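We give structure tokens for two forms of one protein chain below, kept apart as structure 1 and structure 2.
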Structure 1
């Protein structure tokens, strides 16, 4: 019995005792998301506790068929998934303390309360309140007040407890046999064993830093244009020679620049395809919206949705009789059960979100034949890329003209197509440098390259070099600004979004080239193209059974990641930006403080 015929079996019993327990937890979670009651919480707790106990028992029993003697890259990925001492390598008096740290951070972040330097009654929390005050306000002092108040009350009470998280998590990383906790998170991008497709853990460090170079010229021009358009909004507040205050970006932490469209609209006085009026005019409902989408995915050759989706999936808000969490989510309960939970309204945004979640179910359905442990995306940046390429395909005016949402003339003049490019760029181009900055900071605030006393002196120096923002008022060392973000306060990897963004455009260009599309890439609809659907499916099917390198190559033909596809998507906007930036200044000086 080679340890390859004592691990072939073990996994056969795991695949059957895991499906039932995962299905029962998924059903309990779905029931709680249907009714928010007291019994449903108890059912969720029981199911989750049983599932976690089974996982822990199987993980403990696993480690027993050593790694070095298996030879079947597949029976070995499953062992990698099961053999893994996360937070069980620590002493019993340390794991509880770490869990207390995470629980305290989550509680502090969720129960935020700024209050006013005046009437001690109003105590605006995060959502809503602060998110609203940063979204639809044009004052300067008020936004500065909110920005400083959130990071003053919340920031101080989160570092003494972050400084102790950066010790225990690192020590655990040294125990499970890893270099560092950042190296722990850069682990799903690690592939070993197959010749010609390897990807070292430190290789991503170089790949990201090499891809952000071929972006600087576009982001720099976009930043210059945004600064020029923001001059008139805040006259005596921004200098042309250098950066933009970090509290004037329409988003609380600067993650997205979407709320600046109303201030930086290009050729305005020309609306964007909004078919919401036609929705009310032609009596459209959620069932018809989801029917329309099954029709898009049956055009590209991919399959229909089982009757179980139609019978067991809530699509409209029940009302005041029930309490449900209105949040678009695609559910894969397993054992042939697929559901989508969303409170649908007659809008174009919900029309696109339906396609997004429907693409999520088609991926999930694609790899249903794989073993339990491999039923996931190739990495953390493929599941959200084909949920968003379909939104781009559906948003095209040609697709909307083929289903009866626009009058069949709708002259596709170049005046209004550029307003769509800039708005679409304010959520893609404006978030990649922020993600790279945050991930680089977190990565080196672990390898010990930034000693504690310098945690918040390097941060505001990185945000003046990599991105174009500057703090409004000085922050001493006792603050902790990154912990104000949702992902930093919790334990979530943040580099997945950069990879998602750079993979979605590669997939889009590959599919459009496979569809014999002629013209600009942003005018591409992948409907009525069987070849494109077949090419995507040959990637959607594998899941984790093969390295993500081969999965990417099966569609784009490239061995690794690339930023060229995304700069080809933005060529007209880039040329126009160069055209209107001749009289302006491109670039920034890392020395203009909105506080001397």
Structure 2
């Protein structure tokens, strides 16, 4: 016998037990997340320990099958996924130290409180805390204090822990035949074996820079437009040719500029689209919202949901006798079990998030026939893109008018379109430079080009160079402000958001061209169309057995990411911003600082 038959038998024997063990672990996790008790915690820990022990014992046994003797692509990919050692290459003491550091950082981030200076007994939390302050406030000193206290209290106790974390991660990456942690993170965008579809871990940075070089002018115009109104908001504070303070971007870190819509509205006399009052008047509920979402998903040619979905999902708040987490998540347990946990309220945001969750569920149900090791998306930014392309179609005025939420006497003008485009831009475009700068800084830190005595210096330099935000108070090398974010302290990536932002617009343009739409792109709707549904299902069924380049070519006809759809989408807003800024200055200088006077 050859190696292929032995590998196939091993894979079958592995999957047969892996399915059952993963189902048990997922059921335990669901029982924990639904009801918070101590027995549920014990059961979840036991299930997790059993699953980890199974994954450990199943490793070191697939090493008998070298990859140089396998000619089938599926078996080779499965074996390559199984042969990953991980953190077991290090010693036991270093592994225990790393786990202790991770748990310590998680506990420090999850347990934080800011006390009042004049009253040490008045200590506020973070989420029922500084978020409400940074969200709704029109005071310079209050925002400055809420920023400085938060970045000085929990920004000084994480420097040596993060240094040791970086050292240990670099050692682990070098032990795992990688150059650094950046290569370990970029290894997801790697395809080797198929002629004409290969991808390397160095072309991604080049593509990202090439796309940002074209995205930059729109961000420059948006910043020039926002600064003009910020000057009128806070007099004698904003400079007409200077940068912007970090404590005025809308939130704690300035990731989203959504809260600045109230002050930067183009036309305040025109009404907005809020169907919340209509939903309250018509007395809807979660059942109606989910049934409308199901009707929308069936109108394009997708299968119906299962009875277990309607029988086992939690779509309402249980109350006060039972505690649970209201974070909307999609659960895939296996064996034909799909559930959704969401505390649904009678609003429009929940109506839009329901479509995102249902798109996630449809994607999960798409590749149910693939093997266990391939039951995943072809890339990171695919599930979120599939959800967003559905949310955008559900958030159209035509759909709301057809479902009966908007009166048929609505007069669509140009000012409403401008307001909608600006509201979408303040959310979409405002997060790209921040993510790019953060990821580039993390990559340069992991690579070793930035010495330890220049971390904050290079951080603020890159800030003022790319994002154009200057700090109000200079900080020395004793702070750890970049680690004040959730994803930075919990060991997560950030390029997935950029990839999703590109892929969503690419897929939207592809589907709107396939649906024979005429007119602007922001008015497209894919309702009642089987061609687009089939073209999307052809890609959703592949899963992880095919490279993402071929999956993208089967949809848009391209192998790499592109930025032209976003420009075609925001062209009218670009023209309006040009017309408004014709009598204004564009650009910003890095020489100005709030502490210069």
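Positions refer to the first chain, counted from 1. The term rigid core refers to the most C-alpha atoms you can superpose between the two forms while keeping them within 1.5 Å.
Just a single entry of 550, 27, 542, 62 exceeds or equals a 2 Å CA shift between structures 1 and 2, which is 62 (rigid core superposed). With the core fitted, the CA of residue 225 sits 0.7 Å away from its counterpart between structures 1 and 2. Core-based superposition between structures 1 and 2 puts the Cα shift at residue 40 at 1.0 Å. Superposed on the core, the two forms differ at residue 409, whose C-alpha moves 2.3 Å between structures 1 and 2.
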